[PDB]
């Protein structure tokens, strides 16, 4: 986490304008659509057969909001991500069996989602701060795998 103060202010300013409910659903849904293999973890979510079925599935929307919820909390402890995400890392490893590469895919999708939403406001340099952040979070989520 080589977030320069200026990088951290930038992450934080934009995060201020996000509707976590909304972004969460879009990021998650979009992942299931761009990398359909990731659907392996959600066969109890029902119909993921088409983009509309995925994007609109109440379960995907509810789960996305959960995920971004946890991510948001993450952004308030940019200093202690590993600590922050520890029990979650254990859970994904030991109970859920989620390959950590999944965490990086979601980070990239998330970045495209922010670009989608903020247009011109998601500047080259803001994107670079968010790149460091999604990466820090994925790493923190993978820290307890064994």
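Positions refer to the first chain, counted from 1.
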Q: Name the higher of the two by mean Cα B-factor in the PDB entry, 7-15 versus 118-126.
A: 7-15
Q. Per the entry, where is the mean C-alpha temperature factor higher: 44-52 or 31-39?
A. 44-52
(Q) Can you tell me which of 57, 87, 108, 80 has the maximum CA B-factor listed in the PDB entry? (A) 80
(Q) Per the entry's values, where does residue 137 land by CA temperature factor relative to the rest of its chain, in the lowest, middle or highest third? (A) lowest
